[PDB]
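Just one chain is shown here, as structure tokens, and it is the form deposited in one PDB entry.
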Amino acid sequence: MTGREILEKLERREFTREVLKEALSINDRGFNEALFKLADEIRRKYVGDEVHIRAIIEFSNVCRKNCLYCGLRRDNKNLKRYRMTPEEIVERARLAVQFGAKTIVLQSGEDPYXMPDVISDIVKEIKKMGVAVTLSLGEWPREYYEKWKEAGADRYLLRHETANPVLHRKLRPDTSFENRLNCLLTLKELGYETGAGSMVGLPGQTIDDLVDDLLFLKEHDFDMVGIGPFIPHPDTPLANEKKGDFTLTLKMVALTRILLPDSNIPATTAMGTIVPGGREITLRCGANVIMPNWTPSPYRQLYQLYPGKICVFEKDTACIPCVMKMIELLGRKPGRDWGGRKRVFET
């Protein structure tokens, strides 16, 4: 098909494997710009001009897993490890709420120390502040997820990473795609607003794999989808592999908006790391959420999933005001409520 014909099929919601493959394979500038415009319009029509701010506290970089792409992998001995205390985490969340955050995101490596009860205690304290709580702690037993839901957690982010089970097992040797999916299904069953998503440009990953990611997201109708480029980290086995392409990753965000028009989709920090102004671009191509870094000094620079992460050298209260300025200069508005998914039922 020509670019014009693929756009017309996307506009009529004929989301076949062939249409998605062709959309990802065409490199024409006119086609790409029209795809980005379509996603931007679908975003405005379905989720409006509000950009929801999720203040993220990366509270521990301790991890038991050995994911091949990740700087926090347990075999990385060249990383200073840290843990915030429960009191530090609560008080830091309180500061974010004082600065206007309406969602607090707690993210960490898979650090057993806190699980499950210290997390439960922390969640209960933050929920007293009248904001949404989102967890991003990795793979744990159903019983842990249940306890956190009972403690008041609202949402859980657990990117599926790659929907190719063979590639998944190789990159994430402690676990499997089956396990990841079982975790996501359990979270949904428990009533969490659930987030999935993937990296783009992983070693071994093909365009067909990317199409399968899109199809997987459509199949499960996730509330949130987090997408970023793979960024090689020098203290990992993938150090010499090629970085993910920004434009290809941007096309994955645009298609995700087109496929899931009422979902919440972040402009991820990885997008801002690989291209200056990458998050702003992404907010104009389908994204409607941003997650300013609220990890306190002196730990920001130690949370090194990937190198060169933006904002790590700044005073640690910088990013909430910064994203508020960003939202304004984009001609957008800040979120007025917790920014939960507002489903638009259709055919």
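The term rigid core refers to the maximal set of C-alpha atoms that superpose within 1.5 Å between the two forms. Start at 1 with the first residue shown and count on from there.
Keep in mind that the form deposited in another entry is not shown, yet the notes after this line are about it.
- Compared between the shown form and the other one on the core, the listed residues 60, 293, 304, 288 keep their C-alpha shifts below 2 Å, save 304.
- Comparing the forms between the shown form and the other one, the C-alpha position of residue 314 differs by 2 angstroms or more, with the core used for superposition.
- Distance between the C-alpha atoms of residue 207 and residue 308: longer in the other form than here (change of 3 Å or more).
- The distance between the CA atoms of residue 306 and residue 285 is at least 3 Å shorter in the other form than in the form shown here.
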